[PDB]
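A, B, C, D, E, F and G label the chains in the order they appear, each numbered from 1.
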């Protein structure tokens, strides 16, 4: 899901999403995290934050 | 006055009050409508509906 | 995390398993048996020929 | 929402079949056989023995 | 036990460094803001003077 | 020229009001016949089950009195001709699927456009006193999950003005 | 007691269903057992999930709104109609004889209490060197930390604990005081706020042996 990948829950706030993306995308960035199982993880982190940082897309996803 | 901001005639059913609130709010919400005038109008609508929804407060205001 | 889920997503969203499961569930709902497990045994037995 | 559709939803969402499906799919995505038709047969045969 | 105490001391030193980093980040952001705003308002002031 | 029937509403040995109803014996005759046969034998102590604030006052179960279906009869769907647009429209209620109607009845308390064509409406309230009695029954002191905390009961029920 | 979110996640099946909402962990198994229809679907599909978004804080009932179709106020149930929710229109099968909604019947359907936060403790067995990271609620007495660690050593009761309390010296820890009272602070918020990985430093608990027989 777009939520579990960030680690948050379904009732996360806006600051909650900011903090979750902050830590998860400073832990998995290619220039910082050299290698591992961090190829798909960073891409889904970016996609989840992009979906969940805009209220219209966020709500449209939440209903479906 | 309160019935004037939503175009209420002091003789309309509660259903019409609900429709007025829904329509005006969804047209005037601060998110959907980037407009400070819309923001203060939405504030007025929220206060008016809050004081016009409760039957006890409805009578308390009507006696004024 | 992404690796454990991806290994299962890639398996489960591949055609053989998915359009086996969908037809099995469809026929299970159509038949409405008392005990589903032996009915699925049967259905898989006479579907193994195909 | 004809009485058939409602009856199917009641059967589809029942406890027995839904938990059985959840169990089977979890086990199948664990083992990951390249021929799920036969693995399902053996798995259901061993389940039915209990 | 000595290894653990050394590790904890290292963590404390790193956290002191990070607090210094955050403080100077805030200070430089304030510097750049207080230059940009000053220019962007003196522009309007001198435009009004010309008018 | 229609038939008329009345019943009383009482909460915990306190008379809360009375209501009189006209029955559309010219629009849906069989539904009125069943309703009068059950108000003559039944409804004498059946609680008001479901009470929606701006919706309807429901109730009238017989064998259980608490909202589960009853055996012994099933009522077919007669007619969708009376339209739910004004308060005080008495009608019968059934499951989602038609031709399962039972003694469960409901009286509207607001315009209800969606119900038109789904529920058999075959009566009306007669005056303003009864409608005000229902509208006052809305704001009981405490009612838990859409049921009055004490038993709001039909104490009496009778038929007047017609055979 | 208490439960980490992952611990709640372990039970997701119509045979053992646990849900966490409003800080409470609920074992809804007997509900799903007694109400097996299309009513049980929206919470079966969220077995082991976090259900706080359904409800609101001010009252324990689910969120409500003015229904657009009928204009009558009723529960907002986008997921679907869960058990103990009335139908939108007057039906003939929804009884109201039952006592209390399951989100209000805490005494019969609540076990334990959900942890608002969790932390990572690195436990080190000093006799036989065996490091182990573990996650425990950030507010729990050392007795239940020992209970969590009992799955690592079946003889952890005989062992004695020690922590790098403050300079800094490895000192004894009282069992009835939580990890925060005993002087083992939590710094992951500062770690995050200062761009330091939350797995860079972990607080450490040494576990010495106490000879017995």
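Keep in mind that, in the parts below, contacts are C-beta pairs under 8 Å (C-beta built on N, C-alpha and C of every residue); 3 or more make two chains touch, one makes a residue touch a chain.
Comparing the centres of all chains, each the average of its CA atoms, the largest separation from subunit E belongs to F. Two chain pairs, B-F and A-G, are weighed by contacting C-beta pairs, with A-G ahead. Subunit G has its Cα centroid 39 Å from the Cα centroid of subunit E. Averaging Cα coordinates per chain places subunit C and subunit G 34 Å apart.
Subunit C and subunit E have CA centres that are 59 Å apart.
Looking at subunit B, residues 15 sit in touch with two or more other chains. Multi-chain contact residues of subunit C (touching two or more other chains) are absent. Across the assembly, subunit F contributes 54, 96, 110 as residues in contact with two or more other chains.
A complete list of chain pairs in contact reads A-C, A-G, B-F, B-G, C-D, D-F, D-G, E-G, F-G.
In the complex of the two chains, the subunit F residues touching subunit B come out as 54, 110-111, 139.
Residues 1, 4-5, 7-9, 11, 14-15, 18-19, 21-22 of subunit E are the ones that touch subunit G when the two sit in their complex. Listing the residues of subunit B that touch subunit F in their complex gives 13-15, 55. Remark: subunit G residues 13-15, 32-33, 36-38, 40-41, 44 touch subunit D in the complex. Of all residues in subunit G, only 5, 49-50, 52-53, 78, 192, 195, 197-198 touch subunit A in the complex they form.
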